[PDB]
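These notes concern the structure reproduced below.
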Amino acid sequence: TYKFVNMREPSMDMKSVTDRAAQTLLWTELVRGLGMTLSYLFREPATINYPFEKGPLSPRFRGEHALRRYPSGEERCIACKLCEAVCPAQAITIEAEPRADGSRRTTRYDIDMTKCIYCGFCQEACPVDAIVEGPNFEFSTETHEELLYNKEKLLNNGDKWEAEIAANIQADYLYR
Amino acid sequence: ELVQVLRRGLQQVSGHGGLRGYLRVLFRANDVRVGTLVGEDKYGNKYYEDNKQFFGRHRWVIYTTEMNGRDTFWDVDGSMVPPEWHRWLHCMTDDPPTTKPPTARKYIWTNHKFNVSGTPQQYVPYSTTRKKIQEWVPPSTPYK
Amino acid sequence: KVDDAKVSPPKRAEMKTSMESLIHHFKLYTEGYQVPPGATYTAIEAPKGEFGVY
Amino acid sequence: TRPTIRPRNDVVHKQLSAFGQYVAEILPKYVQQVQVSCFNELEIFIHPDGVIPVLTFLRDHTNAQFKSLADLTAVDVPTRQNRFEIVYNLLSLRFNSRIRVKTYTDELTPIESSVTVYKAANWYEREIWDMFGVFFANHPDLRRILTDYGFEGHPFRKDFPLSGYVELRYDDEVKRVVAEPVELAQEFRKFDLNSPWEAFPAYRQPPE
Amino acid sequence: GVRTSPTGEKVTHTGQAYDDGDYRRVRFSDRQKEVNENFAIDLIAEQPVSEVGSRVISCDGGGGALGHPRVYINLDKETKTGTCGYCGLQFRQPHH
Amino acid sequence: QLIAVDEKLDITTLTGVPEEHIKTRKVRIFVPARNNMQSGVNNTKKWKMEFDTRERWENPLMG
Amino acid sequence: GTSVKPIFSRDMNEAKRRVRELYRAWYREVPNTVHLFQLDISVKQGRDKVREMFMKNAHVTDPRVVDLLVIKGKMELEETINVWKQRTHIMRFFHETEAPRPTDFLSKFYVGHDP
Amino acid sequence: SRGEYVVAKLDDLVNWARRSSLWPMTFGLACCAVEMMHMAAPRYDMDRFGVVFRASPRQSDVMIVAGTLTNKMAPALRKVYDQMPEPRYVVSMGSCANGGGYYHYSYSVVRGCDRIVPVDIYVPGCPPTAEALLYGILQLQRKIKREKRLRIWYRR
Amino acid sequence: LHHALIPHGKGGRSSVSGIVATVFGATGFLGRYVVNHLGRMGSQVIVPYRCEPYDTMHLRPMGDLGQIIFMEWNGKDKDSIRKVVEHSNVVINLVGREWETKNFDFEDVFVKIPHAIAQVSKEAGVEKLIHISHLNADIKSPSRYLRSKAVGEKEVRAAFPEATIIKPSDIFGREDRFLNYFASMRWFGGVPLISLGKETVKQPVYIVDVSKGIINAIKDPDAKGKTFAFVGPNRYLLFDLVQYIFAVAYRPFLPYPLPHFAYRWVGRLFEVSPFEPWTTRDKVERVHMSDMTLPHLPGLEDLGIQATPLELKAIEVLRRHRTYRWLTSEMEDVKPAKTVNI
Ligand SMILES: CCCCCCCCCCCCCCCCC[C@@H](O)O[C@H](CO[C@H](O)CCCCCCCCCCCCCCC)COP(=O)(O)OCC[N+](C)(C)C
Ligand SMILES: CCCCCCCC/C=C\CCCCCCCC(=O)O[C@H](COC(=O)CCCCCCC/C=C/CCCCCCCC)COP(=O)(O)OCCN
Ligand SMILES: NC(=O)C1=CN([C@@H]2O[C@H](COP(=O)(O)OP(=O)(O)OC[C@H]3O[C@@H](n4cnc5c(N)ncnc54)[C@H](OP(=O)(O)O)[C@@H]3O)[C@@H](O)[C@H]2O)C=CC1
Ligand SMILES: CCCCCCCCCCC1=C(C)C(=O)C(OC)=C(OC)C1=O
Ligand code: SF4
Ligand code: SF4
Ligand code: SF4
Ligand SMILES: [Zn+2]
């Protein structure tokens, strides 16, 4: 089923011909466009007052990365390297070894934020909810080197954003 | 209805603590609306709400004039919002951290820090692994 | 998603409870699923025209 | 079967097999093979000399009317003596059908240009020449389409490295962008992902 | 459990610190070194051992689906406690 | 009609490979050995071409 | 008979003729390229570089390979005449930001492990 | 001294004028530029900050690199950066611009625009949201506010 | 050799050369070329800067990530020098003005600053020190610039006995004050030359040659305590050199003689500019002295460098000074100048 977009003919009676001549000579449709813009002039603008007001986000929002902890303070990461294997951009670099108490923990965990595509595949692949994409998006830097995160930086991000991260995970985990 | 809107403007002038507060908020936020106070930060940021505004303008923050180490009377940024009020302000939830406080943990930062790029506190990356190849140390004593 | 855990990953609650779900999550996020040999040309009416993948 | 399995369509399968037999009967000089896949896609493997005739017959015949050239591309299989596999995908609006035609070539044997059959082929052929190195004879304007000016080699060949051989940077001594041999601060990490257990018995090959 | 190297550089939880003769220290001049102060090994050492009256215990990290895959730990050895390979919590049968 | 060239095939000048990467390099042609950790033999079917291993070093930043 | 389809040339003589035509075209082009691109090199340097590029492939004996080389050279010349190339693409033939890599055994031994 | 005070005030005036009138070039490459369009859209309205797009490099102050820089494109980007009168600034936006991103290991992609032009601000994201790019613009404004050209000239 | 400082790689941008260098005066003419050559092979370069950071931006794309580190320094404060030379095995000194400011005279920038840098480098354990002097440096010179240069190299050799002193002669390049100076002198109609420039001989040297010589001196083990003279392959009478400069720029050459006192008065008149002077009395002095001949000193050829003639690189500097009508003229058009070569 289909319809035609430009297959209408104009009536050739004196009424319609005179109306079209008046349209040509007195510019009625141009005045209609002016009226449309004038109508938009008196409407309330859609602008928000950033940075004092912010656009709405969701619990699923994928922002800055963070490494999380158990409530005891122990790191959730077990150096399984699933996030490294799944990363479409090869942004994750991991090295591991047994800890002094024999625990499976990372020694190196770097994420190249200038390689990252922010897809969220790493937190899907993680089996212990260790690495997440946090709610933060305002972390622009002045040098390239500041965007090459190591384990300490990501652990600090987790320690700093855990209050919001846990709430977002609590709000979203029943869909996952 | 003109007198009504003019009286509303006078009310906005008077509800900011007089003329000086009106000018302070006008030159600090380019906005002079008055809303219901929701809460205040330990750093001094105040959060206001007005459900009669359209989505996006119904929640806003008046930033503090002095965070951790810098003066933020003019130099403010969105990185000054702590995570709980960050979740409230971005409409990820409908509940302020006053009525719904976050879960307390012993490893969570008690003091929020803003974006420290361009400052001596900026993050400098480094390799966190140990040396891999160990070199042979020659003896310190003569051999003859 | 298709109820076939050899193509689609199981739910995170199942992966943390069942051995098969954990094995399939691990193998789907490390190796991925194998696709049987063959070639296809698939096209859709994308907003800009016919968009196709060979 | 049921819910998780893709349903079959035997009607389209029989129709495509019949039309493949039809085409093979009409052009025995070039048609070497005909195939219909499980998801009802008809493929015709031809001799390289028959590119212009067969395609023309598929475009102009009353019972074929494959008026649209959807896509033309190449596949590189280094294990074959004829390295490059030239693939034409055609759409017929009159019969609401799709067909595929496949031929072969090596590095030094040109393939006849198809622009006189389908104008849409023009850029497509250029792209093949740019990406695989297949020369098309009698192409009205054959040159690189996708690569940089002066680029050496054909990147879509399997033996071409992923990051290439040269990279670009601005140099202040000469005040210009220059090309230098590639050096990577982090090398691309090769992953061995294939399982050592066979997945699909239906495709098992004779043990030779 | 942070610790300072003989030069004043903080030693991270991975035990990494530049030698006195390493030039890379110049990357921290006029700037700082990012070290996380919450050493997970000490924090997990501070956790008390859980007494349980069964030979086999179950651990999932707490929170149900928000923890780790559920594992079962054998407690037949009275010499040492049973540790979770995921979260590091320790369990033990009553003795003494 | 054909031209009947009588020389061995050589396409080196047409591939854009630098000279250093043609003459110096050594390729290994081999059927990969079975991974001793597993019993499957599906990775021992085809032949593989690989190049000789060159120098890898540590990046001064990020190691 | 090896059953080989030609590209342009039946045998080697026509291949050398096509090579000579392309060389004439490049030799004519060089001064115009030096003028238009505002190059700091001389015309003699450009013609020497063209000669070096032609002599790089002097060992080829297959007429089809020579034919394809002439096709690629024609593509390069057409790119240069229409000013599709920029000054950077033109001067990439000269490698001025690259240090001279030594060829003797001892210098290679000193710098690293590459043969 | 009086001269130090005068040069400080003049620095303040010039820095305020330069950061309060930022005119980026009409320049975008890929998906990231779409988010740039959303930063000029009515919801965010970058024009309200004094930020106006202008097509000519001669009449532009900022270069926002929004998209993947390829080898074929690098000389053009360098050319239109050089034709920008000074003082000029460069904002790198998105993963491809910052370090190559999803195409870092490609044979035809420049691994970060800082190999071609100096960069003042790096905005992470694939793509960064319009709010993220606005935050980067305000950070660049602060960085301009920190400039001390006339003080440095006076102390010479 | 401290394993982290062992060369690795192919010698490119991402390679490791084993050089950690602090380049004082890296934001100037020679400094940018030196930093570029250090960063090409993968060195760690420390840039001490006193200017506004906007003036260092062009040095950023010259190295891989983390390979160039910018730090503030003060010439009169030894703590800044120590901070910027703590971890370097090479210290290059390129500090110097062609005029005197109200805070730094020639003794401040050619004697005091080099001496403080050298002493701090010696106490910090720095292995190599490259110091730049002038070929015409002379204790009994009519130029204060050169007297200060001679005193400064004496003090530098005193403080750092193993230092390498490099004495170039009127470096010419894209951002020089040698070819651009004479080319810009076209704005005053006629070209004033003392004695018509017939009693002055110049031996200018290319900028890339000087930078490559510095790099090779860093990498050469026998050049520890030597003194080098970096000169070009040809010697020109000043009149012929300026005539050739105007010929390459396609500008009408109108030379006239000016008395020495009148030209000194003109230089003093131009010295009053609070900004960078157009010319100075010291500049007028230095332009009209014949370049010294020091055959006893090693040159660029001792560092494996063939000096580039002026006739090969003059167009890349002087094409900017042409009108639209002559922009596309070739390099071999303009009749190489006559040389007084022994
Ligand atoms: C007379 C003709 C010749 C001269 C032409 C010039 C005419 C006069 C120029 C008028 C100057 C007015 C500019 C002052 C406006 C600044 C407002 C205030 O905001 O500035 C703050 C601080 O002020 C600045 O630091 C200094 C600006 C003024 C400089 C000092 C005055 C110097 C006047 C000297 C005049 C001499 C002219 C030349 C004579 C020949 C910085 O705040 P800012 O971060 O932005 O805003 C944050 C945005 N938020 C609020 C939305 C979050
Ligand atoms: C009893 C004897 C009295 C004497 C006779 C007097 C009677 C006169 C009656 C006729 C008067 C007509 C006046 C109009 C003059 C030109 C109008 C016209 O016909 O031109 C239009 C075109 O005019 C336009 O469309 C204008 C385009 C640009 C529009 C710009 C903005 C529109 C104006 C906004 C409001 C204008 C306000 C004007 C007053 C300002 C205050 C001074 C024709 O163009 P087309 O439709 O393409 O057809 C051509 C082929 N047949
Ligand atoms: N130019 C030539 O023809 C040859 C050069 N000379 C010598 O070669 C050296 C470098 O040459 P060139 O690059 O042309 O000189 P430049 O004038 O171009 O560079 C001067 C450098 O020294 C710094 N500098 C100057 N004064 C001070 C100061 N008081 N405190 C801190 N830093 C200062 C400048 O920093 P800032 O940008 O902040 O001002 C700048 O980085 C110089 O020592 C020069 O004397 C040797 C023979 C001639
Ligand atoms: C004034 C209205 C806002 C205009 C924003 C100009 C953005 C300039 C980027 C150029 C560009 C344009 C114009 C554009 O239309 C487009 O879509 C195909 C792009 O790809 C994302 C672009 O990069
Ligand atoms: S978000 Fe995607 S690209 Fe980024 S680190 Fe995770 S898996 Fe890699
Ligand atoms: S973050 Fe998660 S997926 Fe990645 S290594 Fe750690 S435990 Fe494994
Ligand atoms: S960073 Fe991501 S969104 Fe931006 S241009 Fe690259 S691929 Fe597109
Ligand atoms: Zn557990």
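Naming works like this for the structure tokens: A, B, ... for the chains as they're shown, residue 1 at the start of each chain, ligands 1 onward in shown order.
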
Strand (DSSP E or B) per DSSP on the backbone: members of segment 55-126 of chain I, as a compact mmCIF listing (two decimals) with C-alpha atoms, in the first residue's frame:
# COMPACT_ATOMS: atom_id res chain seq x y z
CA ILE I 68 58.31 15.73 27.38
CA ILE I 69 57.90 17.22 30.87
CA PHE I 70 57.41 20.97 31.35
CA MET I 71 58.53 22.65 34.58
CA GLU I 72 58.80 26.25 35.73
CA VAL I 90 72.33 15.37 29.92
CA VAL I 91 71.95 19.11 30.48
CA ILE I 92 71.91 21.37 27.42
CA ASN I 93 72.12 25.15 27.89

Compute the set of chain B residues within 10 Å of chain I, using only C-alpha atoms, and express it as a VMD selection string.
chain B and resid 124 to 126 131 133 to 135

Take the selection from the previous step and output its residues with N, CA, C and O atoms, as a short mmCIF file (atom, residue, chain, number, x, y, z; two decimals), in the first residue's frame.
data_model
loop_
_atom_site.label_atom_id
_atom_site.label_comp_id
_atom_site.auth_asym_id
_atom_site.auth_seq_id
_atom_site.Cartn_x
_atom_site.Cartn_y
_atom_site.Cartn_z
N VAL B 124 49.14 11.45 37.75
CA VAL B 124 50.28 11.14 36.90
C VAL B 124 50.38 9.62 36.80
O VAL B 124 50.57 8.95 37.81
N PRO B 125 50.26 9.04 35.61
CA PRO B 125 50.30 7.58 35.50
C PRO B 125 51.70 7.03 35.69
O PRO B 125 52.70 7.70 35.44
N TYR B 126 51.76 5.78 36.14
CA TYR B 126 53.03 5.09 36.31
C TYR B 126 52.79 3.59 36.28
O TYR B 126 51.66 3.12 36.50
N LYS B 131 60.09 -4.86 38.98
CA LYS B 131 61.11 -5.17 37.98
C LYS B 131 61.02 -6.64 37.59
O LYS B 131 60.76 -7.50 38.43
N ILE B 133 63.39 -8.51 35.11
CA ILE B 133 64.68 -9.18 34.95
C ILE B 133 65.62 -8.67 36.03
O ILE B 133 65.80 -7.46 36.20
N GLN B 134 66.22 -9.60 36.77
CA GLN B 134 67.16 -9.27 37.84
C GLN B 134 68.58 -9.45 37.32
O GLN B 134 68.90 -10.46 36.70
N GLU B 135 69.43 -8.46 37.58
CA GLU B 135 70.78 -8.45 37.05
C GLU B 135 71.77 -9.02 38.05
O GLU B 135 71.57 -8.96 39.26
#

Collect all residues with atoms no farther than 6 Å from ligand 3, counting only C-alpha atoms and all ligand atoms, and output them as JSON, numbers by chain.
{"I": [25, 26, 27, 28, 29, 30, 31, 50, 51, 75, 94, 95, 96, 97, 104, 109, 132, 133, 134, 168, 169, 170, 171]}

Please save N, CA, C and O atoms of the selected residues as a PDB file, in the first residue's frame.
ATOM      1  N   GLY I  25      66.456  27.002  27.885  1.00  0.00           N
ATOM      2  CA  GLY I  25      66.246  27.797  26.689  1.00  0.00           C
ATOM      3  C   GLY I  25      65.698  26.996  25.530  1.00  0.00           C
ATOM      4  O   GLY I  25      66.128  27.193  24.387  1.00  0.00           O
ATOM      5  N   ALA I  26      64.759  26.092  25.798  1.00  0.00           N
ATOM      6  CA  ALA I  26      64.177  25.237  24.775  1.00  0.00           C
ATOM      7  C   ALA I  26      62.997  25.878  24.058  1.00  0.00           C
ATOM      8  O   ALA I  26      62.482  25.290  23.102  1.00  0.00           O
ATOM      9  N   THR I  27      62.558  27.058  24.486  1.00  0.00           N
ATOM     10  CA  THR I  27      61.427  27.741  23.875  1.00  0.00           C
ATOM     11  C   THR I  27      61.855  28.769  22.836  1.00  0.00           C
ATOM     12  O   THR I  27      61.047  29.620  22.452  1.00  0.00           O
ATOM     13  N   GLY I  28      63.101  28.714  22.378  1.00  0.00           N
ATOM     14  CA  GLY I  28      63.594  29.677  21.415  1.00  0.00           C
ATOM     15  C   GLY I  28      63.825  29.104  20.033  1.00  0.00           C
ATOM     16  O   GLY I  28      63.160  28.151  19.622  1.00  0.00           O
ATOM     17  N   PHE I  29      64.778  29.689  19.307  1.00  0.00           N
ATOM     18  CA  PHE I  29      65.037  29.284  17.930  1.00  0.00           C
ATOM     19  C   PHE I  29      65.715  27.918  17.875  1.00  0.00           C
ATOM     20  O   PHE I  29      65.179  26.967  17.296  1.00  0.00           O
ATOM     21  N   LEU I  30      66.903  27.805  18.472  1.00  0.00           N
ATOM     22  CA  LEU I  30      67.632  26.540  18.473  1.00  0.00           C
ATOM     23  C   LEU I  30      66.946  25.489  19.338  1.00  0.00           C
ATOM     24  O   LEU I  30      67.060  24.285  19.062  1.00  0.00           O
ATOM     25  N   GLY I  31      66.240  25.928  20.382  1.00  0.00           N
ATOM     26  CA  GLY I  31      65.671  24.993  21.336  1.00  0.00           C
ATOM     27  C   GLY I  31      64.635  24.071  20.727  1.00  0.00           C
ATOM     28  O   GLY I  31      64.587  22.885  21.053  1.00  0.00           O
ATOM     29  N   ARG I  50      60.111  29.723  31.626  1.00  0.00           N
ATOM     30  CA  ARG I  50      59.696  30.886  32.389  1.00  0.00           C
ATOM     31  C   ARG I  50      58.554  31.644  31.737  1.00  0.00           C
ATOM     32  O   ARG I  50      57.856  32.392  32.427  1.00  0.00           O
ATOM     33  N   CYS I  51      58.348  31.462  30.436  1.00  0.00           N
ATOM     34  CA  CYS I  51      57.330  32.189  29.698  1.00  0.00           C
ATOM     35  C   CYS I  51      55.945  31.623  30.000  1.00  0.00           C
ATOM     36  O   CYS I  51      55.775  30.700  30.801  1.00  0.00           O
ATOM     37  N   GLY I  75      65.875  31.775  36.537  1.00  0.00           N
ATOM     38  CA  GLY I  75      67.306  31.839  36.293  1.00  0.00           C
ATOM     39  C   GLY I  75      68.106  32.281  37.502  1.00  0.00           C
ATOM     40  O   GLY I  75      69.270  31.901  37.653  1.00  0.00           O
ATOM     41  N   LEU I  94      70.863  26.549  26.352  1.00  0.00           N
ATOM     42  CA  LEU I  94      70.642  27.413  25.197  1.00  0.00           C
ATOM     43  C   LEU I  94      70.080  28.772  25.600  1.00  0.00           C
ATOM     44  O   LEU I  94      69.493  29.467  24.767  1.00  0.00           O
ATOM     45  N   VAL I  95      70.249  29.163  26.858  1.00  0.00           N
ATOM     46  CA  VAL I  95      69.712  30.426  27.351  1.00  0.00           C
ATOM     47  C   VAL I  95      70.516  31.577  26.761  1.00  0.00           C
ATOM     48  O   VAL I  95      71.750  31.519  26.695  1.00  0.00           O
ATOM     49  N   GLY I  96      69.821  32.624  26.319  1.00  0.00           N
ATOM     50  CA  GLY I  96      70.488  33.815  25.833  1.00  0.00           C
ATOM     51  C   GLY I  96      69.593  34.794  25.101  1.00  0.00           C
ATOM     52  O   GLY I  96      68.722  34.393  24.325  1.00  0.00           O
ATOM     53  N   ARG I  97      69.802  36.085  25.338  1.00  0.00           N
ATOM     54  CA  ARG I  97      69.115  37.150  24.626  1.00  0.00           C
ATOM     55  C   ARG I  97      70.074  37.841  23.665  1.00  0.00           C
ATOM     56  O   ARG I  97      71.296  37.794  23.828  1.00  0.00           O
ATOM     57  N   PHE I 104      67.605  41.555  33.160  1.00  0.00           N
ATOM     58  CA  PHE I 104      68.683  40.645  32.781  1.00  0.00           C
ATOM     59  C   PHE I 104      69.573  41.342  31.763  1.00  0.00           C
ATOM     60  O   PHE I 104      69.131  41.636  30.650  1.00  0.00           O
ATOM     61  N   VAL I 109      72.659  36.650  31.677  1.00  0.00           N
ATOM     62  CA  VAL I 109      72.209  35.534  30.854  1.00  0.00           C
ATOM     63  C   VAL I 109      73.348  34.744  30.219  1.00  0.00           C
ATOM     64  O   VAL I 109      73.124  33.610  29.770  1.00  0.00           O
ATOM     65  N   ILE I 132      76.548  26.353  25.012  1.00  0.00           N
ATOM     66  CA  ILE I 132      76.646  27.042  23.732  1.00  0.00           C
ATOM     67  C   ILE I 132      77.312  28.390  23.949  1.00  0.00           C
ATOM     68  O   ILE I 132      76.899  29.170  24.816  1.00  0.00           O
ATOM     69  N   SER I 133      78.344  28.661  23.156  1.00  0.00           N
ATOM     70  CA  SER I 133      79.061  29.926  23.151  1.00  0.00           C
ATOM     71  C   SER I 133      79.038  30.462  21.728  1.00  0.00           C
ATOM     72  O   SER I 133      78.279  29.964  20.893  1.00  0.00           O
ATOM     73  N   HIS I 134      79.833  31.483  21.437  1.00  0.00           N
ATOM     74  CA  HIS I 134      79.893  32.044  20.099  1.00  0.00           C
ATOM     75  C   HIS I 134      81.270  31.805  19.498  1.00  0.00           C
ATOM     76  O   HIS I 134      82.273  31.734  20.213  1.00  0.00           O
ATOM     77  N   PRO I 168      78.919  27.994  17.576  1.00  0.00           N
ATOM     78  CA  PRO I 168      78.411  28.211  16.219  1.00  0.00           C
ATOM     79  C   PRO I 168      78.618  29.654  15.775  1.00  0.00           C
ATOM     80  O   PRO I 168      79.071  30.512  16.532  1.00  0.00           O
ATOM     81  N   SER I 169      78.280  29.906  14.513  1.00  0.00           N
ATOM     82  CA  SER I 169      78.534  31.195  13.871  1.00  0.00           C
ATOM     83  C   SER I 169      77.328  31.591  13.027  1.00  0.00           C
ATOM     84  O   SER I 169      77.201  31.148  11.881  1.00  0.00           O
ATOM     85  N   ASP I 170      76.451  32.428  13.586  1.00  0.00           N
ATOM     86  CA  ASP I 170      75.356  33.050  12.841  1.00  0.00           C
ATOM     87  C   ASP I 170      74.452  31.993  12.198  1.00  0.00           C
ATOM     88  O   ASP I 170      74.380  31.840  10.978  1.00  0.00           O
ATOM     89  N   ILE I 171      73.784  31.242  13.076  1.00  0.00           N
ATOM     90  CA  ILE I 171      72.860  30.209  12.628  1.00  0.00           C
ATOM     91  C   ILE I 171      71.746  30.837  11.803  1.00  0.00           C
ATOM     92  O   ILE I 171      71.148  31.845  12.197  1.00  0.00           O
TER      93      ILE I 171
END

Would you give me, as number ranges by chain, the residues of chain F that come within 10 Å of chain G, using only C-alpha atoms?
F: 1-14, 20, 24-25, 54-55

Can those selected residues be exported to a file as a tab-separated table (two decimals), in the first residue's frame so that it contains N, CA, C and O atoms?
chain	number	residue	atom	x	y	z
F	1	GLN	N	43.66	-15.19	-26.81
F	1	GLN	CA	45.03	-15.60	-27.11
F	1	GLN	C	45.96	-15.22	-25.97
F	1	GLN	O	45.80	-14.17	-25.34
F	2	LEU	N	46.94	-16.08	-25.70
F	2	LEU	CA	47.77	-16.00	-24.51
F	2	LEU	C	49.22	-15.69	-24.87
F	2	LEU	O	49.64	-15.81	-26.03
F	3	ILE	N	50.00	-15.28	-23.87
F	3	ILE	CA	51.34	-14.76	-24.09
F	3	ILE	C	52.45	-15.73	-23.69
F	3	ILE	O	53.58	-15.57	-24.16
F	4	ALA	N	52.16	-16.71	-22.83
F	4	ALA	CA	53.11	-17.77	-22.49
F	4	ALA	C	54.40	-17.21	-21.87
F	4	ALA	O	55.49	-17.31	-22.43
F	5	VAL	N	54.23	-16.61	-20.69
F	5	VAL	CA	55.39	-16.21	-19.91
F	5	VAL	C	56.03	-17.45	-19.29
F	5	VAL	O	55.34	-18.40	-18.90
F	6	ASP	N	57.36	-17.45	-19.20
F	6	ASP	CA	58.11	-18.63	-18.80
F	6	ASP	C	59.06	-18.33	-17.64
F	6	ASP	O	60.21	-18.76	-17.64
F	7	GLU	N	58.59	-17.58	-16.64
F	7	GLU	CA	59.38	-17.26	-15.47
F	7	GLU	C	58.58	-17.58	-14.21
F	7	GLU	O	57.35	-17.60	-14.23
F	8	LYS	N	59.30	-17.83	-13.11
F	8	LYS	CA	58.64	-18.13	-11.85
F	8	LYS	C	57.90	-16.91	-11.33
F	8	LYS	O	58.30	-15.76	-11.57
F	9	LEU	N	56.81	-17.15	-10.62
F	9	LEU	CA	55.94	-16.08	-10.16
F	9	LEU	C	56.65	-15.20	-9.13
F	9	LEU	O	57.33	-15.71	-8.23
F	10	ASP	N	56.49	-13.89	-9.26
F	10	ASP	CA	57.11	-12.94	-8.35
F	10	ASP	C	56.28	-11.66	-8.34
F	10	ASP	O	56.24	-10.95	-9.34
F	11	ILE	N	55.64	-11.38	-7.21
F	11	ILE	CA	54.77	-10.21	-7.07
F	11	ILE	C	55.29	-9.26	-5.99
F	11	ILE	O	54.53	-8.45	-5.48
F	12	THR	N	56.57	-9.36	-5.64
F	12	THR	CA	57.09	-8.58	-4.52
F	12	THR	C	57.01	-7.08	-4.80
F	12	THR	O	56.73	-6.29	-3.89
F	13	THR	N	57.27	-6.67	-6.04
F	13	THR	CA	57.26	-5.25	-6.39
F	13	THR	C	55.87	-4.63	-6.33
F	13	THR	O	55.77	-3.39	-6.34
F	14	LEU	N	54.81	-5.43	-6.27
F	14	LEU	CA	53.44	-4.93	-6.32
F	14	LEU	C	52.74	-4.90	-4.97
F	14	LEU	O	51.60	-4.44	-4.90
F	20	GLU	N	63.16	-4.12	3.71
F	20	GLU	CA	63.66	-4.68	4.96
F	20	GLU	C	62.78	-5.83	5.41
F	20	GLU	O	63.26	-6.81	5.95
F	24	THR	N	65.07	-9.68	4.96
F	24	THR	CA	65.48	-10.07	6.32
F	24	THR	C	64.60	-11.11	7.03
F	24	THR	O	65.10	-11.97	7.75
F	25	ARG	N	63.29	-10.99	6.84
F	25	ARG	CA	62.32	-11.87	7.49
F	25	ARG	C	62.38	-13.34	7.10
F	25	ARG	O	62.66	-13.70	5.96
F	54	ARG	N	60.59	-10.58	16.65
F	54	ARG	CA	61.47	-9.42	16.74
F	54	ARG	C	61.45	-8.85	18.15
F	54	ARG	O	60.83	-9.40	19.07
F	55	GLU	N	62.14	-7.72	18.32
F	55	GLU	CA	62.33	-7.15	19.64
F	55	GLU	C	61.05	-6.52	20.18
F	55	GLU	O	60.34	-5.80	19.47

Listing only residues of chain B within 7 Å of chain E, what is the closest atom pair and its distance in Å (to one decimal) for each, using only C-alpha atoms, sorted by chain and residue number ascending, as a Markdown table?
| residue | atom | partner | partner_atom | distance |
| --- | --- | --- | --- | --- |
| B:107 | CA | E:38 | CA | 6.6 |
| B:120 | CA | E:31 | CA | 4.4 |
| B:121 | CA | E:32 | CA | 5.8 |
| B:122 | CA | E:31 | CA | 6.7 |
| B:123 | CA | E:34 | CA | 6.2 |
| B:124 | CA | E:33 | CA | 6.3 |
| B:128 | CA | E:16 | CA | 5.6 |
| B:129 | CA | E:16 | CA | 6.1 |
| B:130 | CA | E:16 | CA | 5.8 |

Requested write-out: C-alpha atoms of the selected residues, as a PDB file, in the first residue's frame:
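Output saved as out_0.pdb:
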ATOM      1  CA  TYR B 107      36.548   2.909  52.382  1.00  0.00           C
ATOM      2  CA  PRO B 120      49.789  19.830  41.378  1.00  0.00           C
ATOM      3  CA  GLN B 121      47.212  17.266  42.582  1.00  0.00           C
ATOM      4  CA  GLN B 122      46.632  15.972  39.038  1.00  0.00           C
ATOM      5  CA  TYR B 123      46.931  12.261  38.337  1.00  0.00           C
ATOM      6  CA  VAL B 124      50.276  11.140  36.895  1.00  0.00           C
ATOM      7  CA  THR B 128      52.607  -0.445  39.114  1.00  0.00           C
ATOM      8  CA  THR B 129      54.442  -3.742  38.509  1.00  0.00           C
ATOM      9  CA  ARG B 130      57.854  -4.698  39.865  1.00  0.00           C
TER      10      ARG B 130
END

Tell me as a JSON list (two decimals) with C-alpha atoms, in the first residue's frame which residues belonging to chain F come within 10 Å of chain A, counting only C-alpha atoms.
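Once everything was written out, this is part_21.json:
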[["chain", "number", "residue", "atom", "x", "y", "z"],
["F", 61, "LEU", "CA", 55.17, 5.28, 30.45],
["F", 62, "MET", "CA", 52.72, 2.64, 31.73],
["F", 63, "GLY", "CA", 55.32, -0.11, 31.36]]
